[PDB]
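K.L.:
One structure follows; several queries about it will come next.
Here Cβ is always computed from backbone atoms with ideal geometry, including for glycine, and neighbour counts include all displayed protein chains. Rule-based calculations on the coordinates, nothing more; no lab input.
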Amino acid sequence: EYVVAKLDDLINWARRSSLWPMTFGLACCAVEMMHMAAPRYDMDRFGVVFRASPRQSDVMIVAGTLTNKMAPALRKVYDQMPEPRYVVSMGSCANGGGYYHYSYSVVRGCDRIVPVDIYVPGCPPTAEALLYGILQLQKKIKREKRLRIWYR
Amino acid sequence: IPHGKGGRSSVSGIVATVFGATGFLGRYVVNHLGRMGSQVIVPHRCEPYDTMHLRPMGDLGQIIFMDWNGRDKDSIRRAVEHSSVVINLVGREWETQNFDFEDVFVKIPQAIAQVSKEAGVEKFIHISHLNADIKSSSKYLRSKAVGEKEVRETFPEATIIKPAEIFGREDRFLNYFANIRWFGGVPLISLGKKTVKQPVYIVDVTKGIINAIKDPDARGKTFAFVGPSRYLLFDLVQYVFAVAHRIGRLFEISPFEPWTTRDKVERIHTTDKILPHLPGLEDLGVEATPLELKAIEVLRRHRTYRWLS
Amino acid sequence: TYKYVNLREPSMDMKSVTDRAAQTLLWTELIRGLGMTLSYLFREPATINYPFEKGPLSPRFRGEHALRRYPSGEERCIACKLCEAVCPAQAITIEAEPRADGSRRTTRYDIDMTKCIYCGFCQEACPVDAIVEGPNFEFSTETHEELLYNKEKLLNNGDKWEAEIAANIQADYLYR
Amino acid sequence: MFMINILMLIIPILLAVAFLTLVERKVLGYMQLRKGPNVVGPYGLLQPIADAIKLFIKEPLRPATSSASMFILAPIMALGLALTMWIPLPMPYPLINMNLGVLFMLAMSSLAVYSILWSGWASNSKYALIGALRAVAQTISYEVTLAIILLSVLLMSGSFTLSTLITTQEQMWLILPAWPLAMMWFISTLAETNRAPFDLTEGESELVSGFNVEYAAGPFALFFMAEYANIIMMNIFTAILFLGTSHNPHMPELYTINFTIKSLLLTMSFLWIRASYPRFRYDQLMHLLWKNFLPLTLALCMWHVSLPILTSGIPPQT
Amino acid sequence: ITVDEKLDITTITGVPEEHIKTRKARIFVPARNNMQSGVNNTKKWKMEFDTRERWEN
Amino acid sequence: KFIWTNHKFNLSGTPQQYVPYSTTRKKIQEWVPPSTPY
Ligand SMILES: CCCCCCCCCCCCCCCCCC(=O)OC[C@H](COP(=O)(O)OCCN)OC(=O)CCCCCCCCCCCCCCCCC
Ligand SMILES: NC(=O)c1ccc[n+]([C@@H]2O[C@H](COP(=O)([O-])OP(=O)(O)OC[C@H]3O[C@@H](n4cnc5c(N)ncnc54)[C@H](OP(=O)(O)O)[C@@H]3O)[C@@H](O)[C@H]2O)c1
Ligand code: SF4
Ligand code: SF4
Ligand code: SF4
């Protein structure tokens, strides 16, 4: 009866406390990602170990600008990820495209291509409003897998 | 009032609402309203994250989500108050361990046939099935033909729809087969007689609605959905092995979501082709689609390359 | 001028060549650094312990937007249509129309927060000195239906802290 | 209760191989100048209970293109010959007493690489296909460097069993006398088990990810728990075959105490390297074995053969 | 050298799509905005096309 | 004055996510038909 809703203080605390983010370097924004894993603001060892292969991940991250020829590549990679997946865009160019938003060869927005969750806003987000964009996503698991099996 | 061209980021003046619209069918309709422009208010029951795979469907500020239960007479009254057309796909397979299933085709489709009628919707719509007949069959197939009777009372204008057995991409109809790696294929019931029904391809049904969605001039007047040619054989169950070359679940697993040794086995062989006099399709057309050509796509198995069919 | 690097010759005498054969075969190098220069772990780590501690900045920083107002408020913006016309990205959108008394003000003012490239071109063209890039990285909401701003989102977002802003410009305005 | 002496072994070790993964990035943390997993612990010591549980919840895909019959019997190994090899290993009292058992390791050191060749082939094409082929090729050429330099010392101790090998290292820490060899006993186990400076098997640089690439969270805990069940064993061996402790027929307990404060120092060596050195570019990788490591290992064998005979030294065994 | 004289009225096809025949361009001399007297905005014959609907979003 | 008392946050749905709107007066002012008489 009540055991389920106490069980989700385990499984919904496990998936939020270990993340294996992929990253996409593409454009300027990649360097202000690196400095999140450099020792100043130290990304790993605060619970999130940095890049792994495409298969083993949970949260992919889009930096950079997405042209036409990169779209056929992304949408494929987003699939293969396992279940408990999310997409956290960052930078002013995954939100509606920085500038270049009027260009010919830039997709406009990268929400169009995938179901994106959290956003961050500015050429490079300051390597700070990154982590405070994740401490949104570790607080964006308040969800319960109870009340699907156990209501309907 | 419709503006511009129908590409995306356009208007085309219709709002909507689509109840259900998570599982196989509803996801595949809204995707045709996230194109020609709309305001598609899709509510949903329990699922916070299972609805995301939908969101890159309408452009921006088109589709919008709410939360509802459906036995509360308010939850259906808070949304619809602003709407033009509202269709209804709601309902499912097996009796739930919670919902007793009896009136969920009776009370629910009426519970949303509450103030919707009152509040001034229009072109309200509902679903039927080609095989549901109020004579005695079939325990699930019954209670569905009650809605055609019981619910039609309300909202004299419906254009309630009557399609066949459908085969989609992720659909469970033709996919119950080929999942049958098992002690062996045993037809229902070990007879090659009355297979098969009218297997229309899921595009044409979901292109029917939006063709009646502003039709005009179909309201109250119900239609039924032609299959392709023509009836079909036993070979359909052989055809599966001819080419195949032989939401909100859980964290670990689901206790019971079975093959249902119940109506399920007998719902598939009930056949009963029925009245032609319904208009019912080319009039709402123009669509009809075959089987032989469109059944490779949805069927891909452990060869993944050879076909030569 | 010049320099020449990696131009040298081995000495070739038996006082040396032991020193290079006491190296290959005994590993006397290659334990020099990474037997050591690695450890050398005994230094204090450098980490800004994030949810609490935070790092440095400067009064000229750029970030979330605002619209000030004087003492008793005038909505300092006069709608002179400039911060709109120097904008590289073309985020800004402005529609004036004469307010009731006859002093002009705005109606729609919308900074898109995806397109804005964070120049510092809209802080520096406003002659009446209204629009100002705030120093707060509060951001990151979950729906792109949102970040587009209207007017009456901005003012609050710029009256939520004016104790932050009104004390930066009076450090910085003496330089420019 | 002999069955409860076993199951008291398999279980209490799966905690080390678990909590190594934590001390993985603390020690390798302060080489970088930072702290290690911290926020969750409080000290971090609570991290690995959360990590063991994310995988088996996370959905285990199989490639549509695979042969499922091999995609099981292979990993159903990477966890046997890792947990069987532990059996006859004195600390001080081994669970089994095998007469000639030292030889029995090479039996189980040789039979694991025939679980690599399955998996990488079991699945599919060229990242795990020819990519699991040529990590076979290096793994078998670092045995001949091995069995010899294991066989050398055994001239210097008399037999194949391990109860003698505590007796002979009494007051002589067997690393004096053959210190030339001991080096090569180290670079081997580090080259054979696919660790830092010769890293190629598991990919990072030379390829994407070697041999792990296909397994999703489901099976890939086993390998990631198998590959660390070899590394803490060869290194829990070296120190019974070189740095000996002093048995005590009275306080057996003080044997192991001083024994894990050695084997646990020693191990923290494959972590103390990995921060440091780069990779070899597979040519140079074998090309440095025949030419370079090997000629000595033969030559020394012609030496430890004669040294007993030429001193009337011949060790007291059969 | 292959000089090969001939005459075929130069045209080019396929690069745009349906906007070849649908529209009508226009060639006109700009008229001088009259709020000011500066005569230098003249002097080049530009061209600009027909205008089609802009709607509201 | 003209500044707040306590505070707010950046929240994901609070319920209030603010979800912006349009700030302007109408446009073309459609015609009204005449009333009841012929
Ligand atoms: C995938 C799921 C399906 C597979 C499930 C089953 C898998 C089994 C795999 C077997 C792998 C381990 C087999 C290795 C055999 C090693 C035996 C050995 O070396 O024992 C040493 C010992 C020597 O005797 P000694 O010490 O000299 O004299 C003692 C005097 N008191 O010897 C002795 O003490 C006497 C020997 C007693 C043991 C009886 C013989 C056991 C070996 C049978 C193995 C059968 C092969 C199974 C398949 C192997 C495939 C790798
Ligand atoms: N016309 C045909 O050919 C045909 C064929 C088979 C079945 N049907 C029936 O016609 C409709 C087609 O449904 P479908 O193809 O989309 O498959 P479906 O899986 O039944 O889709 C129904 C969606 O609504 C949900 N749902 C179930 N019961 C609900 C309830 N009381 N209230 C609100 N939501 C409920 C379901 O789970 P959630 O509650 O989590 O959303 C699901 O998300 C259904 O009623 C079906 O039983 C028709
Ligand atoms: S906006 Fe972000 S992404 Fe686009 S260029 Fe500047 S940094 Fe690179
Ligand atoms: S701030 Fe300066 S620029 Fe922006 S509107 Fe008011 S006046 Fe025109
Ligand atoms: S901030 Fe940078 S981009 Fe946004 S408007 Fe002012 S200048 Fe143009």
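K.L.:
Conditions: (1) more than 9 Å from chain D (Cβ to nearest Cβ); (2) touching a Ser or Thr at 6+ places or on another chain (Cβ under 6 Å). C:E29 meets all but one. Number of the miss?
P.N.:
(2)
K.L.:
Would it be correct to say that C:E53 is more than 16 Å from ligand 3 (Cβ to nearest atom), within 14 Å of chain A (Cβ to nearest Cβ), of a type in the set (D, E) and assigned to a loop (DSSP other than H, G, I, E, B)? Don't jump to the end; show me each part of the working.
P.N.:
Values: more than 16 Å from ligand 3 (Cβ to nearest atom): yes; within 14 Å of chain A (Cβ to nearest Cβ): yes; of a type in the set (D, E): yes; assigned to a loop (DSSP other than H, G, I, E, B): yes.
Criteria met by C:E53.
K.L.:
Could you list, in sequence order, the residues of region B:76-109 that are within 15 Å of B:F19 (Cα to Cα) and more than 18 Å from the chain's Cα centre (by Cα)?
P.N.:
Answer for region B:76-109, where residues must be within 15 Å of B:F19 (Cα to Cα) and more than 18 Å from the chain's Cα centre (by Cα): B:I76, B:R77, B:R78, B:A79, B:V80, B:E81, B:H82, B:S83, B:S84, B:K107.
K.L.:
Continuing with this model, one more query. Quick check, is C:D172 more than 16 Å from ligand 4 (Cβ to nearest atom) and away from every other protein chain (no Cβ under 11 Å)?
P.N.:
Details: more than 16 Å from ligand 4 (Cβ to nearest atom): yes; away from every other protein chain (no Cβ under 11 Å): yes.
It is true that C:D172 is more than 16 Å from ligand 4 (Cβ to nearest atom) and away from every other protein chain (no Cβ under 11 Å).
K.L.:
So, in region C:66-101, of the ones that are in a strand (DSSP E or B) and of a type outside the set (G, A, S), which residue ends up farthest from ligand 5 (Cβ to nearest atom)? Explain how you work it out, then say what you get.
P.N.:
Just the residues of region C:66-101 that are in a strand (DSSP E or B), to begin with: C:66-67, C:94-96.
Subsequent filtering for residues that are of a type outside the set (G, A, S) retains C:67, C:94-95.
On the way: C:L67: 13, C:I94: 11, C:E95: 16 Å.
The selected residue is C:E95.
K.L.:
Kindly establish whether C:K151 is touching a strand residue (DSSP E or B) at 6+ places or on another chain (Cβ under 8 Å), within 26 Å of F:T5 (Cα to Cα) and among the basic types (K, R). Explain how you work it out, then say what you get.
P.N.:
On the way: touching a strand residue (DSSP E or B) at 6+ places or on another chain (Cβ under 8 Å): yes; within 26 Å of F:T5 (Cα to Cα): yes; among the basic types (K, R): yes.
In short, yes.
K.L.:
Return the only residue of A:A94, A:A73, A:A52 being in a loop (DSSP other than H, G, I, E, B) and farther than 20 Å from D:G218 by Cα. Reasoning before the result, please.
P.N.:
On the way: A:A73 fails: in a loop (DSSP other than H, G, I, E, B); A:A52 fails: farther than 20 Å from D:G218 by Cα.
Exactly one residue qualifies, and that residue is A:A94.
K.L.:
In region A:65-81, is there at least one residue being within 14 Å of chain C (Cβ to nearest Cβ), within 26 Å of B:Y49 (Cβ to Cβ) and either within 13 Å of the chain's Cα centre (by Cα) or within 16 Å of ligand 2 (Cβ to nearest atom) (or both)?
P.N.:
Taking region A:65-81 first, the residues within 14 Å of chain C (Cβ to nearest Cβ) are A:65-66.
Add one more test, that the residue is within 26 Å of B:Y49 (Cβ to Cβ), and what stays is A:66.
Filter once more, keeping what is either within 13 Å of the chain's Cα centre (by Cα) or within 16 Å of ligand 2 (Cβ to nearest atom) (or both): none.
No: region A:65-81 contains no residue that is within 14 Å of chain C (Cβ to nearest Cβ), within 26 Å of B:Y49 (Cβ to Cβ) and either within 13 Å of the chain's Cα centre (by Cα) or within 16 Å of ligand 2 (Cβ to nearest atom) (or both).
K.L.:
Do you know which of the residues in region A:12-64 that are over 27 Å from B:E252 (Cα atoms) and among the acidic types (D, E) is nearest to the other protein chains (Cβ to nearest Cβ)?
P.N.:
The selected residue is A:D42.
K.L.:
Looking at region D:97-112, I want the residues that are over 13 Å from D:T139 (Cβ atoms) and away from ligand 5 (no atom under 16 Å from the Cβ) and have a partner that is of a type in the set (F, W, Y) and part of a helix (DSSP H, G or I) with Cβ atoms under 7 Å, at least 6 apart or on another chain. Which pairs are those?
P.N.:
D:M98/D:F104
K.L.:
Filter region D:30-44 for residues that are part of a loop (DSSP other than H, G, I, E, B) and under 16 Å from A:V49 (Cα atoms) and give the result. Write out each step before concluding.
P.N.:
Taking region D:30-44 as the starting set, the residues that turn out to be part of a loop (DSSP other than H, G, I, E, B) are D:31-44.
Within region D:30-44, D:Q32, D:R34, D:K35, D:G36, D:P37, D:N38, D:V39, D:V40, D:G41, D:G44 meet the criteria.
K.L.:
OK, next. Identify the residue in region D:67-110 that is under 25 Å from D:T318 (Cα atoms) and β-branched (V, I, T) and, among all such residues, is surrounded by the fewest Cβ atoms within 10 Å (Cβ to Cβ).
P.N.:
Out of the qualifying residues, it is D:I96.
K.L.:
A follow-up question, please. Considering only residues of region C:87-128 that are near ligand 4 (Cβ under 9 Å from one of its atoms) and aliphatic (A, V, I, L, M), which is surrounded by the fewest Cβ atoms within 10 Å (Cβ to Cβ)?
P.N.:
C:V128
K.L.:
Sticking with this one: Within region E:18-41, how many residues are farther than 18 Å from E:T51 by Cα and surrounded by fewer than 10 Cβ atoms within 10 Å (Cβ to Cβ)?
P.N.:
Within region E:18-41, residues that are farther than 18 Å from E:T51 by Cα and surrounded by fewer than 10 Cβ atoms within 10 Å (Cβ to Cβ) number 9.
K.L.:
With respect to B:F124, is the statement that it is away from ligand 1 (no atom under 16 Å from the Cβ) and under 19 Å from B:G280 (Cβ atoms) true? Steps first, please.
P.N.:
Details: away from ligand 1 (no atom under 16 Å from the Cβ): yes; under 19 Å from B:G280 (Cβ atoms): yes.
Yes: the conditions hold for B:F124.
K.L.:
A further question follows. Given B:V240, B:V205, B:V186, which one is within 16 Å of ligand 2 (Cβ to nearest atom), within 30 Å of B:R301 (Cβ to Cβ) and away from chain A (no Cβ under 14 Å)? It would help to see each step written out before you state the result.
P.N.:
Values: B:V240 fails: within 16 Å of ligand 2 (Cβ to nearest atom); B:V186 fails: within 16 Å of ligand 2 (Cβ to nearest atom).
The conditions single out B:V205.
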